[PDB]
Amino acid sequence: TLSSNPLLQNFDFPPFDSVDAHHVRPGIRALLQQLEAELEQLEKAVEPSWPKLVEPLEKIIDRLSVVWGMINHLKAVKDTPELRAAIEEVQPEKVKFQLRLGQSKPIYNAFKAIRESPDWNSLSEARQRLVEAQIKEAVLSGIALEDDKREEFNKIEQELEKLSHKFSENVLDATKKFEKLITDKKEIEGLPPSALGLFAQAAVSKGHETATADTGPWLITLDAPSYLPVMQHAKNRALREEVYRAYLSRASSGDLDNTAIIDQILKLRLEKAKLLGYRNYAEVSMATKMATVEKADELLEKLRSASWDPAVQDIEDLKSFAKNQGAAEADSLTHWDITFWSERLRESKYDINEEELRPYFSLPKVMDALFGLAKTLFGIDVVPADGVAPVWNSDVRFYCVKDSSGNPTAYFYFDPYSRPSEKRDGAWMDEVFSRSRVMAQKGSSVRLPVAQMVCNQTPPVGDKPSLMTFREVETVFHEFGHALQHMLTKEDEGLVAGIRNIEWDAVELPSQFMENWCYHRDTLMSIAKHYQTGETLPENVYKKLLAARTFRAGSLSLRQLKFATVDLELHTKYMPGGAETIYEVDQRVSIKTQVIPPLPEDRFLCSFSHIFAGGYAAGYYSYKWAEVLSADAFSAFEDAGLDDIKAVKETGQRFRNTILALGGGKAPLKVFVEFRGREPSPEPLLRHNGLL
């Protein structure tokens, strides 16, 4: 009877129209039995050959991926509580099997044998990348350690996970300990209607039955949706100072302090690095990155240098502006004022009325322009293919991406319109199938890749089309660039195709790339035509759009560089338990990266959850790294001449055949240099943001 389950079928496109929640529990449990059985069959027959290792392994990997991705996609677009319940129940079993599969010593040893064979030197670059990936994944999880040190390793990992939770609880507890009840209406000046509703119902929840946004008893807290409005809008400088000092000192001292827990984490990370043979934990992280410690250190310093003079200007802009507005805070601005005064200056000079911007951005026009841009640049025709694949909502479109010669390269689904009953908000790209030699049906040489695009516009009603914000357009462009790398991959080795096996810090290249075209004049002014007037976007809106992009770039850059730099400092060159302390790192890096010096009491590290509780340890640089790559990749088109459409096609064709084509079967610095002609520069990024 499992025979009838859609998830267990051999399908050509996933059965999105026909899977219900009651199939999930039986089908995922059944699939996991099949795959567990097929893994054991694999392990009994392993040889260091493609047909006896990598091809069997891909088949397991791929089927779990495709099916799990199907049902998990249905949860984001066709959500029911029965479906959530079913997925949250089988998810642990799934992940236990994933763990099992990677821990396979027969498979590890077989890959190791591939690596050590003479045959290695005949293997293709992509196959070598694949093998090295499997080895490196296994090794860095400890599999290569001998049993005593594997136990030490596992004990280190376990204590680290404990410490990371204790870190996170200390921040969360220190965040929620602050409660400030305002009763005087004068003290609550400036705060928006939303914030006042929040703080009033925050007061109601703590007993103040009558509390109202208007009337008062407003309870202010240090959590994000309370903290942000206070720093941006509370005219009350005392309340701004209050909430600032509290926030920058969560977990700074007391029974709730993280300062020793940090040092513990950093010590155990060093023990982990040394068992794996690396000097420091940054070296371990960088073992799977495009960057290196030295190159990341180099880049971040380059950015910090160029960003600094802009950042001091940004402060003088505020002191100037607040003098104009007559505040006694001017000439005396410090931390709790900056967020506020920035917003005030925003509102004055750089502000764009998004209701008189929406009429110009109509969804069907936007998507046409996007697909036409993709034809111009990359040589592909996006063509309606509605009815080839089954669908979960009548509005979901299905497109074939055809190459220059008329053959399909890839297919994608598009789900445009918001359904807040059943559908997650926002926009995303997701993967349906990867491109694969192995997973091709008989007669075909490759299975073609398949992708999801999703967004969340209000559907068209009457005269009015689905209008978009500029930011929504920007996000659809970004997400289409992930989709394009997934779909226009030419790599047939399927564990390494698409975006698979692209080093984290390089993954956001094609996507951050595609956003640049939204600020490109001629592209934007082709899109931006008023749905009723016909008229292009007014030229003063365009100029303001651009002005807004660059606004506090130097201050912004420096803030990100604080985090990126302290993260590498702490994991590179700090000795835990040694001469210098955590706070001397905190202050020493803050001098280099923060124009107004920290107050004492400011302990930003004790709240820096990203690197102590989350997964960005020795990885926070990654944000700015990918930003550098994408800006620079765009400057190839700037150099070629953005108005010479032959030059844009030539440069785009080469992008198509590098960044988008090669997947993870070539190291990213090699792929980037193959496109760009040289190694990456921060100049373009700095120039586009106005810092050089």
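Note that residue numbering begins at 1 and tracks the sequence as displayed.
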Next item on the list: Would you determine, from the values in the PDB entry, which of 575 to 583 and 310 to 318 has the greater average C-alpha temperature factor?
Entry: 575 to 583
Checklist line | Between 632 to 640 and 45 to 53 (mean CA B-factor, as deposited), the higher | finding: 45 to 53
Notebook entry, point to check: When the CA B-factors of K289, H482, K349, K272 are compared as recorded in the entry, which is the largest?
Noted result: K349
Next item on the list: Tell me, please, which of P92, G379, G426, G197 has the highest C-alpha B factor according to the deposited entry?
Entry: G197
Check: Lowest, middle or highest third: where is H478 by C-alpha B factor in its chain?
Finding: lowest
Next item on the list: Could you say whether, by C-alpha temperature factor, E298 belongs to the lowest, middle or highest third of its chain?
Entry: middle
Check: Lowest, middle or highest third: where is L39 by C-alpha B factor in its chain?
Finding: middle
Checklist line | Position of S434 among the chain's modelled residues by C-alpha B-factor, lowest, middle or highest third | finding: lowest
Checklist line | Third of the chain's Cα B-factor distribution that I61 belongs to, per the entry | finding: lowest
